[PDB]
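Colleague: Got a structure for you, written out below as structure tokens; questions coming shortly.
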Amino acid sequence: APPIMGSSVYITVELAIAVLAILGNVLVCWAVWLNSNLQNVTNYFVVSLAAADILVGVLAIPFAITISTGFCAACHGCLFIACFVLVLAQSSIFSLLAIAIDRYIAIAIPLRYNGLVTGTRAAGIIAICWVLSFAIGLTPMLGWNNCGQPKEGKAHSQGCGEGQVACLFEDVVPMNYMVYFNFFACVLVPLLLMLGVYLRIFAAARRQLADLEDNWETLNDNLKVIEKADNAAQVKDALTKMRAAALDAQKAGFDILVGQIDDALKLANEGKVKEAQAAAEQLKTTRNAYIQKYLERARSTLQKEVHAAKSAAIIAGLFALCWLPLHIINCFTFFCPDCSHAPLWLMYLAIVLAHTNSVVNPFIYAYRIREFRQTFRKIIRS
Ligand SMILES: CC(C)CCC[C@@H](C)[C@H]1CC[C@H]2[C@@H]3CC=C4C[C@@H](O)CC[C@]4(C)[C@H]3CC[C@]12C
Ligand SMILES: CC(C)CCC[C@@H](C)[C@H]1CC[C@H]2[C@@H]3CC=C4C[C@@H](O)CC[C@]4(C)[C@H]3CC[C@]12C
Ligand SMILES: CC(C)CCC[C@@H](C)[C@H]1CC[C@H]2[C@@H]3CC=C4C[C@@H](O)CC[C@]4(C)[C@H]3CC[C@]12C
Ligand SMILES: CCCc1cc2c(=O)c(-c3nc(C)cs3)c(C)oc2cc1OC(C)=O
Ligand code: NA
């Protein structure tokens, strides 16, 4: 069956993917430019990630279409077109890892976040990461390639010239580089690291949203204890505890609260039980009017952070889902030489799926993040 029909389907699909990758990601980048509420450090990594996807459509996809033809080319030029996508995938990994870390900093140490994670430090990190991405992805160009052992029988059959090879990914890029260096070290390890960062993010969230609840219960149970108490010393016990739990909430209305606990304690230390109890009853007014509003705000903010962290995790998860099959196929090719090579149709499918990852991010932002969604609408409307 003529190779141009099988190759026609693959190519059309690649072109559809490129179109969509470019479109969606230009809109991400355009949204961040226009909306100042989307101008934060997290979103600069998002933009870097969008840039990489734009380049998959503009460059990586045309390169892959090109190399699918097996056209004659100087080996090192062939190399470049085979490996450029690795640079883009690496850049993406760095961006995803940074987003995970950024979100972890925001939830673990919100006090120090703004001064630690600035836009200036973020742009420097992005630049460094792009340089590193070029180094990792283009490592084969530094000598780890099969250009030294060309398939001359395959090159002579297609009438290639001197110094040229039939340009095919697996003929030029060593599988050991693909499996051990690229997959294990540069993809798998950073993905496992991301998994770990997200676990810590979700656990820290759980611990804080438990802690908020505990402190509130403490305030309410110590009120009851004070309400039915025998003497002044019991009242003093329950307000000494209450005081400490109000000062931790203030670090993590409060002027009034501590003050009122203090009023009650002085009375309690003078042996006046009924007066201490009545003064402690006034604490209820403060709890309703201020403290409960703080508990519910703080809770809301933590829920917003968990949601935003889930959205970022989904993105990282989708990268793994889209890229893993191609990596897994490479493992079979490398580790199992007695196994028949995965068919060309499957290679095409795995490649296309990897490329499809460059289309997905804009949809996740639209479905999961209000500010992006609202800005996408205005850009589209106008
Ligand atoms: C959830 C996602 C990440 C998992 C996807 C796993 C895919 C990539 C796995 C599942 C079954 C696997 C196939 C099982 C059997 C063979 C026959 C062998 O001669 C070549 C590899 C090949 C064809 C494997 C290629 C990879 C494969 C298709
Ligand atoms: C979920 C994460 C850890 C994904 C990474 C899992 C990868 C590395 C695993 C999953 C399935 C595994 C393959 C299963 C079967 C074979 C056939 C055997 O003859 C050689 C090893 C080989 C080819 C394995 C290599 C490693 C492999 C591809
Ligand atoms: C994190 C998880 C998913 C990794 C799982 C990797 C598993 C599937 C890998 C790790 C070590 C691998 C084995 C290592 C050695 C051999 C000998 C070879 O003659 C046949 C395949 C076989 C028997 C492999 C089968 C797949 C294997 C068991
Ligand atoms: C059809 C597009 C060209 C092409 C690209 C690739 C390719 O991009 C990879 C990659 N694997 C990873 C992990 C990242 S990229 C592999 C293993 O085989 C390929 C084989 C290819 O087709 C030929 C016949 O040359
Ligand atoms: Na990407």
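Our numbering is plain: 1 for the first residue shown, then up by one each step along the chain.
Looks like X-ray crystallography, 2.1 Å, at least that's what the header says.
Placed from the backbone N, Cα and C atoms, the Cβ positions cover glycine too.
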Colleague: If you follow Swiss-Prot, the disulfide involving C167 connects it to which of the following: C78, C83, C129, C147?
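Modeller: Checking Swiss-Prot: disulfide partner of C167 resolves to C78.
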Colleague: Pick from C147, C160, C186, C322: which one does Swiss-Prot say forms the disulfide with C75?
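Modeller: So the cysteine paired with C75 in Swiss-Prot is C147.
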Colleague: Pick from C29, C72, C322, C331: which one does Swiss-Prot say forms the disulfide with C160?
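Modeller: Looking through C29, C72, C322, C331, the record in Swiss-Prot gives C72 as the partner of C160.
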Colleague: From the disulfide entries in Swiss-Prot, identify which of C331, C336 pairs with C339.
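Modeller: So the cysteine paired with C339 in Swiss-Prot is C336.
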Colleague: So 20 residues are not built between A252 and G253. What's the Cα distance between them in Å?
Modeller: 14
Colleague: Out of the disulfide-bonded residues I have (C75, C78, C160, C167, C336, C339), which ones have their Cβ sitting under 6 Å from ligand 1?
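Modeller: Cβ < 6 Å from ligand 1, in sequence order: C339.
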Colleague: For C336 (disulfide bond), which of the three DSSP-derived states applies: helix, strand, or coil?
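Modeller: In three-state terms, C336 (disulfide bond) counts as coil.
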Colleague: Cβ under 6 Å from ligand 2: which of the disulfide-bonded residues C72, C75, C78, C160, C167, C336 qualify?
Modeller: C336
Colleague: Ten-angstrom check, please: count other Cβ atoms within 10 Å of the Cβ of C78 (disulfide bond), all chains counted.
Modeller: 26
Colleague: If you run through the topological domain 'Extracellular' (68-78) with DSSP, how many residues end up as helix, strand and coil?
Modeller: 4 helix, 3 strand, 4 coil
